[PDB]
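**Q** For reference, this is my_file_29.tsv, and it has TSV, N, CA, C and O atoms.
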```
chain	number	residue	atom	x	y	z
A	1	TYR	N	-60.69	47.51	-307.44
A	1	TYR	CA	-60.24	46.65	-308.52
A	1	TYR	C	-61.43	46.00	-309.19
A	1	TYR	O	-62.53	45.94	-308.63
A	2	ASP	N	-61.19	45.51	-310.39
A	2	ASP	CA	-62.07	44.56	-311.07
A	2	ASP	C	-61.12	43.56	-311.72
A	2	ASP	O	-60.70	43.72	-312.86
A	3	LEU	N	-60.78	42.52	-310.97
A	3	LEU	CA	-59.81	41.53	-311.43
A	3	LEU	C	-60.57	40.42	-312.13
A	3	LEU	O	-61.19	39.58	-311.48
A	4	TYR	N	-60.51	40.44	-313.46
A	4	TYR	CA	-61.10	39.43	-314.34
A	4	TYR	C	-62.58	39.23	-314.09
A	4	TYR	O	-63.09	38.12	-314.22
A	5	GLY	N	-63.29	40.28	-313.69
A	5	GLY	CA	-64.69	40.13	-313.38
A	5	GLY	C	-65.00	40.20	-311.90
A	5	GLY	O	-66.08	40.66	-311.51
A	6	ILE	N	-64.08	39.73	-311.05
A	6	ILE	CA	-64.32	39.79	-309.62
A	6	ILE	C	-64.21	41.23	-309.16
A	6	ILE	O	-63.21	41.91	-309.43
A	7	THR	N	-65.25	41.71	-308.50
A	7	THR	CA	-65.28	43.07	-307.99
A	7	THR	C	-64.93	43.10	-306.51
A	7	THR	O	-65.36	42.25	-305.73
A	8	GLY	N	-64.13	44.08	-306.12
A	8	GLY	CA	-63.80	44.26	-304.73
A	8	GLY	C	-62.77	45.36	-304.57
A	8	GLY	O	-62.29	45.92	-305.55
A	9	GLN	N	-62.42	45.63	-303.32
A	9	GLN	CA	-61.46	46.69	-303.03
A	9	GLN	C	-60.57	46.25	-301.88
A	9	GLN	O	-61.00	45.49	-301.01
A	10	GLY	N	-59.32	46.70	-301.90
A	10	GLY	CA	-58.35	46.34	-300.89
A	10	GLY	C	-56.92	46.63	-301.31
A	10	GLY	O	-56.70	47.37	-302.27
A	11	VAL	N	-55.96	46.03	-300.62
A	11	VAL	CA	-54.55	46.28	-300.91
A	11	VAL	C	-54.04	45.16	-301.80
A	11	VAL	O	-54.71	44.15	-302.02
A	12	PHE	N	-52.86	45.36	-302.35
A	12	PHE	CA	-52.13	44.31	-303.04
A	12	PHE	C	-50.74	44.21	-302.45
A	12	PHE	O	-50.05	45.22	-302.30
A	13	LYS	N	-50.32	43.00	-302.12
A	13	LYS	CA	-49.02	42.76	-301.52
A	13	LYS	C	-48.38	41.62	-302.30
A	13	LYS	O	-48.89	40.50	-302.29
A	14	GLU	N	-47.28	41.91	-302.98
A	14	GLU	CA	-46.68	40.89	-303.83
A	14	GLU	C	-45.85	39.92	-303.01
A	14	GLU	O	-44.89	40.31	-302.34
A	15	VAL	N	-46.22	38.64	-303.07
A	15	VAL	CA	-45.54	37.58	-302.35
A	15	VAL	C	-45.35	36.42	-303.32
A	15	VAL	O	-46.27	36.05	-304.04
A	16	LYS	N	-44.13	35.87	-303.35
A	16	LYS	CA	-43.80	34.78	-304.27
A	16	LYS	C	-44.48	33.50	-303.79
A	16	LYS	O	-43.95	32.73	-302.98
A	17	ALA	N	-45.67	33.26	-304.33
A	17	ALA	CA	-46.45	32.09	-303.95
A	17	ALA	C	-46.00	30.88	-304.77
A	17	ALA	O	-44.97	30.89	-305.44
A	18	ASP	N	-46.81	29.83	-304.71
A	18	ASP	CA	-46.46	28.55	-305.32
A	18	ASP	C	-47.70	27.72	-305.56
A	18	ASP	O	-48.76	27.98	-304.98
A	19	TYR	N	-47.56	26.73	-306.45
A	19	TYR	CA	-48.49	25.62	-306.65
A	19	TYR	C	-49.85	26.07	-307.15
A	19	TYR	O	-50.89	25.52	-306.77
A	20	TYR	N	-49.87	27.10	-307.99
A	20	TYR	CA	-51.04	27.37	-308.81
A	20	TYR	C	-50.86	26.64	-310.14
A	20	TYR	O	-50.10	27.10	-310.99
A	21	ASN	N	-51.55	25.49	-310.29
A	21	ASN	CA	-51.06	24.44	-311.18
A	21	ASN	C	-51.04	24.85	-312.65
A	21	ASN	O	-49.98	25.17	-313.19
A	22	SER	N	-52.19	24.85	-313.30
A	22	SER	CA	-52.26	25.50	-314.60
A	22	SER	C	-53.57	26.24	-314.75
A	22	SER	O	-53.62	27.35	-315.28
A	23	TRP	N	-54.64	25.61	-314.29
A	23	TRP	CA	-55.96	26.18	-314.43
A	23	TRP	C	-56.38	26.94	-313.21
A	23	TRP	O	-57.04	27.98	-313.32
A	24	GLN	N	-56.01	26.45	-312.04
A	24	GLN	CA	-56.41	27.07	-310.79
A	24	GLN	C	-55.63	28.36	-310.60
A	24	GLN	O	-54.40	28.35	-310.51
A	25	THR	N	-56.33	29.49	-310.60
A	25	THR	CA	-55.69	30.79	-310.53
A	25	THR	C	-56.09	31.62	-309.33
A	25	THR	O	-55.21	32.23	-308.72
A	26	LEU	N	-57.36	31.66	-308.96
A	26	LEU	CA	-57.84	32.57	-307.93
A	26	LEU	C	-57.93	31.83	-306.61
A	26	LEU	O	-58.52	30.75	-306.53
A	27	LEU	N	-57.33	32.41	-305.58
A	27	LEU	CA	-57.21	31.76	-304.28
A	27	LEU	C	-58.28	32.31	-303.36
A	27	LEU	O	-58.19	33.42	-302.84
A	28	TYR	N	-59.33	31.52	-303.16
A	28	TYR	CA	-60.36	31.87	-302.20
A	28	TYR	C	-60.01	31.32	-300.83
A	28	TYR	O	-59.20	30.40	-300.69
A	29	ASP	N	-60.61	31.91	-299.80
A	29	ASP	CA	-60.48	31.38	-298.46
A	29	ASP	C	-61.65	30.45	-298.14
A	29	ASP	O	-62.37	30.02	-299.04
A	30	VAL	N	-61.82	30.12	-296.86
A	30	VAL	CA	-62.90	29.25	-296.43
A	30	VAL	C	-64.27	29.93	-296.59
A	30	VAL	O	-65.27	29.26	-296.86
A	31	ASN	N	-64.34	31.25	-296.44
A	31	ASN	CA	-65.62	31.95	-296.36
A	31	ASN	C	-66.06	32.59	-297.67
A	31	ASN	O	-66.92	33.48	-297.64
A	32	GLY	N	-65.50	32.18	-298.80
A	32	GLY	CA	-65.93	32.76	-300.06
A	32	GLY	C	-65.45	34.17	-300.31
A	32	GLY	O	-65.97	34.83	-301.22
A	33	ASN	N	-64.50	34.66	-299.53
A	33	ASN	CA	-63.85	35.92	-299.83
A	33	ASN	C	-62.72	35.64	-300.81
A	33	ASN	O	-62.29	34.50	-300.96
A	34	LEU	N	-62.24	36.68	-301.48
A	34	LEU	CA	-61.06	36.52	-302.31
A	34	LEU	C	-59.83	36.80	-301.47
A	34	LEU	O	-59.70	37.88	-300.89
A	35	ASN	N	-58.91	35.84	-301.40
A	35	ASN	CA	-57.75	35.95	-300.53
A	35	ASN	C	-56.45	35.85	-301.30
A	35	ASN	O	-55.38	35.92	-300.69
A	36	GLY	N	-56.50	35.69	-302.61
A	36	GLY	CA	-55.28	35.54	-303.38
A	36	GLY	C	-55.54	35.42	-304.86
A	36	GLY	O	-56.56	34.88	-305.27
A	37	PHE	N	-54.60	35.88	-305.67
A	37	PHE	CA	-54.88	36.15	-307.07
A	37	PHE	C	-53.61	35.96	-307.89
A	37	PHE	O	-52.52	36.30	-307.42
A	38	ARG	N	-53.76	35.44	-309.10
A	38	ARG	CA	-52.67	35.32	-310.05
A	38	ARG	C	-53.08	36.01	-311.33
A	38	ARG	O	-54.16	35.76	-311.86
A	39	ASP	N	-52.22	36.89	-311.84
A	39	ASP	CA	-52.49	37.55	-313.11
A	39	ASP	C	-52.15	36.60	-314.25
A	39	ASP	O	-51.13	35.90	-314.19
A	40	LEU	N	-52.99	36.58	-315.28
A	40	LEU	CA	-52.72	35.71	-316.41
A	40	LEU	C	-51.75	36.32	-317.41
A	40	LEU	O	-51.23	35.60	-318.26
A	41	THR	N	-51.50	37.63	-317.33
A	41	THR	CA	-50.64	38.26	-318.32
A	41	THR	C	-49.22	38.48	-317.84
A	41	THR	O	-48.37	38.89	-318.63
A	42	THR	N	-48.93	38.24	-316.56
A	42	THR	CA	-47.59	38.45	-316.04
A	42	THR	C	-47.00	37.26	-315.31
A	42	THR	O	-45.81	37.31	-314.98
A	43	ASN	N	-47.79	36.21	-315.04
A	43	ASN	CA	-47.40	35.05	-314.24
A	43	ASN	C	-46.87	35.45	-312.86
A	43	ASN	O	-45.91	34.87	-312.36
A	44	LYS	N	-47.49	36.45	-312.25
A	44	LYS	CA	-47.10	36.91	-310.93
A	44	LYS	C	-48.20	36.62	-309.92
A	44	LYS	O	-49.33	36.27	-310.27
A	45	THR	N	-47.85	36.74	-308.64
A	45	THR	CA	-48.73	36.36	-307.55
A	45	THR	C	-48.96	37.53	-306.62
A	45	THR	O	-48.12	38.42	-306.49
A	46	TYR	N	-50.11	37.52	-305.95
A	46	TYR	CA	-50.49	38.58	-305.02
A	46	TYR	C	-51.33	38.00	-303.90
A	46	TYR	O	-51.78	36.85	-303.97
A	47	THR	N	-51.53	38.79	-302.86
A	47	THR	CA	-52.35	38.41	-301.72
A	47	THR	C	-53.10	39.63	-301.23
A	47	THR	O	-52.49	40.68	-300.99
A	48	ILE	N	-54.41	39.50	-301.07
A	48	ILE	CA	-55.32	40.64	-300.99
A	48	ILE	C	-55.87	40.76	-299.58
A	48	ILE	O	-56.29	39.77	-298.97
A	49	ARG	N	-55.85	41.98	-299.06
A	49	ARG	CA	-56.36	42.29	-297.74
A	49	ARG	C	-57.04	43.65	-297.82
A	49	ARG	O	-56.56	44.55	-298.51
B	1	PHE	N	-52.07	33.94	-267.33
B	1	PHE	CA	-52.06	34.66	-268.59
B	1	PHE	C	-51.16	33.98	-269.61
B	1	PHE	O	-51.27	34.25	-270.81
B	2	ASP	N	-50.25	33.13	-269.15
B	2	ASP	CA	-49.36	32.44	-270.08
B	2	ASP	C	-50.11	31.39	-270.88
B	2	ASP	O	-49.81	31.16	-272.06
B	3	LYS	N	-51.10	30.75	-270.27
B	3	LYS	CA	-51.79	29.65	-270.93
B	3	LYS	C	-52.77	30.17	-271.98
B	3	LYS	O	-52.67	29.82	-273.16
B	4	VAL	N	-53.71	31.01	-271.57
B	4	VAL	CA	-54.71	31.52	-272.50
B	4	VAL	C	-54.07	32.55	-273.42
B	4	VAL	O	-53.34	33.45	-272.99
B	5	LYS	N	-54.28	32.37	-274.72
B	5	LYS	CA	-53.75	33.33	-275.68
B	5	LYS	C	-54.60	34.59	-275.71
B	5	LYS	O	-54.09	35.70	-275.57
B	6	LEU	N	-55.91	34.43	-275.87
B	6	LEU	CA	-56.81	35.57	-276.03
B	6	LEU	C	-57.32	36.06	-274.68
B	6	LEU	O	-58.51	36.09	-274.40
B	7	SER	N	-56.38	36.47	-273.83
B	7	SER	CA	-56.74	37.06	-272.56
B	7	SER	C	-57.22	38.50	-272.76
B	7	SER	O	-57.29	39.01	-273.88
B	8	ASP	N	-57.51	39.16	-271.64
B	8	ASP	CA	-58.17	40.46	-271.69
B	8	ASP	C	-57.25	41.54	-272.23
B	8	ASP	O	-57.64	42.33	-273.10
B	9	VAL	N	-56.01	41.60	-271.73
B	9	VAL	CA	-55.09	42.61	-272.23
B	9	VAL	C	-54.54	42.18	-273.59
B	9	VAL	O	-54.08	43.02	-274.38
B	10	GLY	N	-54.64	40.90	-273.93
B	10	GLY	CA	-54.09	40.42	-275.18
B	10	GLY	C	-54.95	40.73	-276.39
B	10	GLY	O	-54.48	40.56	-277.52
B	11	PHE	N	-56.19	41.15	-276.17
B	11	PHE	CA	-57.09	41.40	-277.29
B	11	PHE	C	-56.64	42.61	-278.10
B	11	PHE	O	-56.56	42.55	-279.33
B	12	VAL	N	-56.31	43.70	-277.41
B	12	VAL	CA	-55.90	44.91	-278.12
B	12	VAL	C	-54.51	44.73	-278.72
B	12	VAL	O	-54.17	45.36	-279.73
B	13	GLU	N	-53.70	43.85	-278.13
B	13	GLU	CA	-52.48	43.43	-278.79
B	13	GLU	C	-52.79	42.60	-280.02
B	13	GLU	O	-52.11	42.71	-281.05
B	14	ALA	N	-53.84	41.78	-279.95
B	14	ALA	CA	-54.24	41.02	-281.12
B	14	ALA	C	-54.91	41.90	-282.15
B	14	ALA	O	-54.95	41.55	-283.34
B	15	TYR	N	-55.44	43.04	-281.73
B	15	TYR	CA	-56.01	43.95	-282.70
B	15	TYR	C	-54.97	44.87	-283.31
B	15	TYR	O	-55.19	45.43	-284.38
B	16	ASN	N	-53.82	45.04	-282.65
B	16	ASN	CA	-52.85	45.99	-283.15
B	16	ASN	C	-52.02	45.41	-284.29
B	16	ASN	O	-51.51	46.15	-285.13
B	17	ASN	N	-51.90	44.09	-284.35
B	17	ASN	CA	-51.24	43.48	-285.50
B	17	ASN	C	-52.17	43.39	-286.70
B	17	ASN	O	-51.75	42.97	-287.78
B	18	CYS	N	-53.44	43.76	-286.53
B	18	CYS	CA	-54.40	43.68	-287.62
B	18	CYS	C	-54.23	44.81	-288.63
B	18	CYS	O	-54.41	44.60	-289.83
B	19	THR	N	-53.89	46.01	-288.16
B	19	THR	CA	-53.94	47.18	-289.04
B	19	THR	C	-52.76	47.22	-289.99
B	19	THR	O	-52.87	47.74	-291.11
B	20	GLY	N	-51.61	46.70	-289.57
B	20	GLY	CA	-50.38	46.93	-290.30
B	20	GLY	C	-50.30	46.17	-291.61
B	20	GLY	O	-49.60	46.59	-292.53
B	21	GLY	N	-51.03	45.07	-291.71
B	21	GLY	CA	-51.01	44.30	-292.93
B	21	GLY	C	-49.90	43.28	-292.95
B	21	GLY	O	-49.38	42.93	-294.01
B	22	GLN	N	-49.52	42.78	-291.77
B	22	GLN	CA	-48.47	41.79	-291.65
B	22	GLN	C	-49.02	40.57	-290.93
B	22	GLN	O	-49.69	40.70	-289.90
B	23	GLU	N	-48.75	39.39	-291.51
B	23	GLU	CA	-49.17	38.08	-290.97
B	23	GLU	C	-50.68	38.01	-290.77
B	23	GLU	O	-51.17	37.39	-289.83
B	24	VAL	N	-51.43	38.66	-291.66
B	24	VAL	CA	-52.87	38.78	-291.50
B	24	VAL	C	-53.47	37.51	-292.08
B	24	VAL	O	-53.92	37.45	-293.23
B	25	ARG	N	-53.47	36.47	-291.26
B	25	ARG	CA	-54.08	35.20	-291.57
B	25	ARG	C	-55.01	34.75	-290.46
B	25	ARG	O	-55.80	33.83	-290.67
B	26	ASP	N	-54.93	35.38	-289.29
B	26	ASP	CA	-55.77	35.01	-288.16
B	26	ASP	C	-57.20	35.49	-288.39
B	26	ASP	O	-57.48	36.31	-289.27
B	27	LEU	N	-58.10	34.96	-287.58
B	27	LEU	CA	-59.52	35.22	-287.74
B	27	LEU	C	-60.00	36.44	-286.98
B	27	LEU	O	-61.09	36.95	-287.28
B	28	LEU	N	-59.23	36.92	-286.00
B	28	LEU	CA	-59.70	38.02	-285.17
B	28	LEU	C	-59.72	39.33	-285.94
B	28	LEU	O	-60.59	40.18	-285.71
B	29	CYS	N	-58.76	39.51	-286.85
B	29	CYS	CA	-58.72	40.72	-287.66
B	29	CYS	C	-59.87	40.75	-288.65
B	29	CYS	O	-60.32	41.83	-289.06
B	30	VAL	N	-60.37	39.58	-289.04
B	30	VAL	CA	-61.49	39.54	-289.97
B	30	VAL	C	-62.78	39.94	-289.27
B	30	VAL	O	-63.65	40.56	-289.89
B	31	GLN	N	-62.91	39.63	-287.98
B	31	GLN	CA	-64.13	39.97	-287.27
B	31	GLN	C	-64.24	41.46	-287.05
B	31	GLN	O	-65.34	42.02	-287.08
B	32	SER	N	-63.11	42.14	-286.85
B	32	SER	CA	-63.14	43.58	-286.68
B	32	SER	C	-63.43	44.29	-287.99
B	32	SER	O	-63.91	45.43	-287.99
B	33	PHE	N	-63.17	43.63	-289.11
B	33	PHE	CA	-63.41	44.27	-290.40
B	33	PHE	C	-64.89	44.30	-290.73
B	33	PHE	O	-65.31	45.06	-291.61
B	34	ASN	N	-65.69	43.47	-290.07
B	34	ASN	CA	-67.13	43.51	-290.24
B	34	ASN	C	-67.85	43.96	-288.98
B	34	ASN	O	-69.00	43.59	-288.76
B	35	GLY	N	-67.19	44.76	-288.15
B	35	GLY	CA	-67.85	45.40	-287.04
B	35	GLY	C	-67.94	44.59	-285.77
B	35	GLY	O	-68.19	45.16	-284.71
B	36	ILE	N	-67.75	43.28	-285.83
B	36	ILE	CA	-67.85	42.49	-284.62
B	36	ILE	C	-66.49	42.54	-283.96
B	36	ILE	O	-65.64	41.68	-284.20
B	37	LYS	N	-66.25	43.55	-283.14
B	37	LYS	CA	-64.99	43.63	-282.43
B	37	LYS	C	-65.25	43.55	-280.94
B	37	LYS	O	-66.26	44.05	-280.44
B	38	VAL	N	-64.33	42.89	-280.25
B	38	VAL	CA	-64.42	42.82	-278.81
B	38	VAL	C	-63.99	44.15	-278.23
B	38	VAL	O	-63.02	44.76	-278.68
B	39	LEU	N	-64.73	44.62	-277.24
B	39	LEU	CA	-64.30	45.83	-276.57
B	39	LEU	C	-63.59	45.46	-275.29
B	39	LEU	O	-63.84	44.39	-274.72
B	40	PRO	N	-62.68	46.29	-274.81
B	40	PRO	CA	-62.13	46.09	-273.49
B	40	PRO	C	-63.18	46.37	-272.44
B	40	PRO	O	-64.15	47.09	-272.70
B	41	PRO	N	-63.03	45.83	-271.24
B	41	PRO	CA	-63.97	46.16	-270.16
B	41	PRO	C	-63.68	47.52	-269.56
B	41	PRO	O	-62.79	48.24	-270.04
B	42	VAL	N	-64.41	47.90	-268.52
B	42	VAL	CA	-64.24	49.23	-267.95
B	42	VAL	C	-62.94	49.31	-267.16
B	42	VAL	O	-62.06	50.12	-267.47
B	43	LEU	N	-62.80	48.48	-266.15
B	43	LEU	CA	-61.56	48.45	-265.39
B	43	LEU	C	-60.48	47.73	-266.19
B	43	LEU	O	-60.75	46.76	-266.89
B	44	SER	N	-59.26	48.24	-266.11
B	44	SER	CA	-58.14	47.52	-266.69
B	44	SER	C	-57.81	46.30	-265.86
B	44	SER	O	-58.16	46.21	-264.68
B	45	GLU	N	-57.11	45.36	-266.47
B	45	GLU	CA	-56.72	44.17	-265.73
B	45	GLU	C	-55.58	44.46	-264.78
B	45	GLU	O	-55.36	43.70	-263.83
B	46	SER	N	-54.83	45.53	-265.01
B	46	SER	CA	-53.87	45.98	-264.02
B	46	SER	C	-54.58	46.49	-262.77
B	46	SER	O	-54.10	46.30	-261.65
B	47	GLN	N	-55.74	47.12	-262.96
B	47	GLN	CA	-56.44	47.73	-261.83
B	47	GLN	C	-57.06	46.68	-260.92
B	47	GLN	O	-57.00	46.79	-259.69
B	48	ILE	N	-57.67	45.65	-261.51
B	48	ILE	CA	-58.27	44.59	-260.72
B	48	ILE	C	-57.18	43.82	-259.99
B	48	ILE	O	-57.36	43.40	-258.84
B	49	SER	N	-56.02	43.68	-260.63
B	49	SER	CA	-54.90	43.00	-260.01
B	49	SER	C	-54.40	43.76	-258.79
B	49	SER	O	-53.91	43.16	-257.83
```
Can you dump the structure from the file as structure tokens?

**A**
Amino acid sequence: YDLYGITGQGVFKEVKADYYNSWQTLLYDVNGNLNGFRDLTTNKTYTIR
Amino acid sequence: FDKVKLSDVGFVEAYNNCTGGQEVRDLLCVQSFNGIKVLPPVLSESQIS
């Protein structure tokens, strides 16, 4: 993938998340990995492994 | 074995939930993804018992 500039590879699993307020979109973990993502064109949520 | 979660036989059980992509929030599956995986010992724990 290349999600909005962020480069990486893995799976996508659609899970109905919550509380991505308005500006905060990309869900990082504690270690600076990408652990979750919101698309700006569909208002949908995902979780990356 | 009831008290300690990460016992000797429990490691490969903890590694088997890593591959499927379910409830992958624990830290042990992340360590195997970067090569630091615990190996089982030579004798099984059934054998020493």

**Q** Neighbouring residues of residue A:26 were defined as those with any atom within 8 Å, considering all atoms listed in the file; residues of the same chain fewer than 3 positions away were excluded. Please report them as a PyMOL selection string.

**A** chain A and resi 20+23+29+33-39

**Q** Output N, CA, C and O atoms for every residue in that selection, as an mmCIF file, keeping the file's coordinate frame.

**A**
```cif
data_model
loop_
_atom_site.group_PDB
_atom_site.id
_atom_site.type_symbol
_atom_site.label_atom_id
_atom_site.label_comp_id
_atom_site.auth_asym_id
_atom_site.auth_seq_id
_atom_site.Cartn_x
_atom_site.Cartn_y
_atom_site.Cartn_z
ATOM 1 N N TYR A 20 -49.870 27.100 -307.990
ATOM 2 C CA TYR A 20 -51.040 27.370 -308.810
ATOM 3 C C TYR A 20 -50.860 26.640 -310.140
ATOM 4 O O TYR A 20 -50.100 27.100 -310.990
ATOM 5 N N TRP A 23 -54.640 25.610 -314.290
ATOM 6 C CA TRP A 23 -55.960 26.180 -314.430
ATOM 7 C C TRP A 23 -56.380 26.940 -313.210
ATOM 8 O O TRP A 23 -57.040 27.980 -313.320
ATOM 9 N N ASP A 29 -60.610 31.910 -299.800
ATOM 10 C CA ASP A 29 -60.480 31.380 -298.460
ATOM 11 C C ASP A 29 -61.650 30.450 -298.140
ATOM 12 O O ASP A 29 -62.370 30.020 -299.040
ATOM 13 N N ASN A 33 -64.500 34.660 -299.530
ATOM 14 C CA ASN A 33 -63.850 35.920 -299.830
ATOM 15 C C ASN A 33 -62.720 35.640 -300.810
ATOM 16 O O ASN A 33 -62.290 34.500 -300.960
ATOM 17 N N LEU A 34 -62.240 36.680 -301.480
ATOM 18 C CA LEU A 34 -61.060 36.520 -302.310
ATOM 19 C C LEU A 34 -59.830 36.800 -301.470
ATOM 20 O O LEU A 34 -59.700 37.880 -300.890
ATOM 21 N N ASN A 35 -58.910 35.840 -301.400
ATOM 22 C CA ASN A 35 -57.750 35.950 -300.530
ATOM 23 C C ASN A 35 -56.450 35.850 -301.300
ATOM 24 O O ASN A 35 -55.380 35.920 -300.690
ATOM 25 N N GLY A 36 -56.500 35.690 -302.610
ATOM 26 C CA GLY A 36 -55.280 35.540 -303.380
ATOM 27 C C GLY A 36 -55.540 35.420 -304.860
ATOM 28 O O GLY A 36 -56.560 34.880 -305.270
ATOM 29 N N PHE A 37 -54.600 35.880 -305.670
ATOM 30 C CA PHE A 37 -54.880 36.150 -307.070
ATOM 31 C C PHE A 37 -53.610 35.960 -307.890
ATOM 32 O O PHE A 37 -52.520 36.300 -307.420
ATOM 33 N N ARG A 38 -53.760 35.440 -309.100
ATOM 34 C CA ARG A 38 -52.670 35.320 -310.050
ATOM 35 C C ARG A 38 -53.080 36.010 -311.330
ATOM 36 O O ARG A 38 -54.160 35.760 -311.860
ATOM 37 N N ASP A 39 -52.220 36.890 -311.840
ATOM 38 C CA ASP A 39 -52.490 37.550 -313.110
ATOM 39 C C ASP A 39 -52.150 36.600 -314.250
ATOM 40 O O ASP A 39 -51.130 35.900 -314.190
#
```

**Q** Please indicate the distance in Å from atom CA of residue B:38 to atom N of residue B:5, rounded to one decimal place.

**A**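 Computing it gives 15.1 Å between the two atoms.
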
**Q** In Å, with one decimal, what is the gap from atom N of residue B:20 to atom N of residue B:6?

**A**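 These atoms are spaced 18.9 Å apart.
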
**Q** By how many Å are atom O of residue B:22 and atom O of residue B:41 apart?

**A**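 Value for the atom O of residue B:22-atom O of residue B:41 distance: 25.0 Å.
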
**Q** Just checking: using only C-alpha atoms, which residue out of B:43, B:14, B:8, B:49 ends up closest to residue B:29?

**A**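 Of B:43, B:14, B:8, B:49, the one nearest residue B:29 is B:14, counting only C-alpha atoms.
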
**Q** So which residues of chain A fall under strand (DSSP E or B) by DSSP, listed as a list in words?

**A**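 Here are the strand (DSSP E or B) residues of chain A: residues 2, 3, 6, 7, 12, 13, 27, 28, 34, 35, 36, 37, 38, 45, 46, 47 and 48 of chain A.
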
**Q** If you run DSSP on this backbone, which residues of chain B come out as alpha helix (DSSP H), and could you give them as a VMD selection string?

**A** chain B and resid 10 to 19 28 to 33 45 to 48

**Q** Counting only C-alpha atoms, collect the residues of chain B whose closest atom lies at most 10 Å from chain A, and write them out as a JSON list (two decimals) with N, CA, C and O atoms, keeping the file's coordinate frame.

**A**
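And here is the file that came out, selection_33.json:
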```json
[["chain", "number", "residue", "atom", "x", "y", "z"],
["B", 21, "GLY", "N", -51.03, 45.07, -291.71],
["B", 21, "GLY", "CA", -51.01, 44.30, -292.93],
["B", 21, "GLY", "C", -49.90, 43.28, -292.95],
["B", 21, "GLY", "O", -49.38, 42.93, -294.01],
["B", 22, "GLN", "N", -49.52, 42.78, -291.77],
["B", 22, "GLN", "CA", -48.47, 41.79, -291.65],
["B", 22, "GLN", "C", -49.02, 40.57, -290.93],
["B", 22, "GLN", "O", -49.69, 40.70, -289.90],
["B", 24, "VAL", "N", -51.43, 38.66, -291.66],
["B", 24, "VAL", "CA", -52.87, 38.78, -291.50],
["B", 24, "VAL", "C", -53.47, 37.51, -292.08],
["B", 24, "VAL", "O", -53.92, 37.45, -293.23],
["B", 25, "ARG", "N", -53.47, 36.47, -291.26],
["B", 25, "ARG", "CA", -54.08, 35.20, -291.57],
["B", 25, "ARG", "C", -55.01, 34.75, -290.46],
["B", 25, "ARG", "O", -55.80, 33.83, -290.67],
["B", 30, "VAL", "N", -60.37, 39.58, -289.04],
["B", 30, "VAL", "CA", -61.49, 39.54, -289.97],
["B", 30, "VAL", "C", -62.78, 39.94, -289.27],
["B", 30, "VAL", "O", -63.65, 40.56, -289.89]]
```
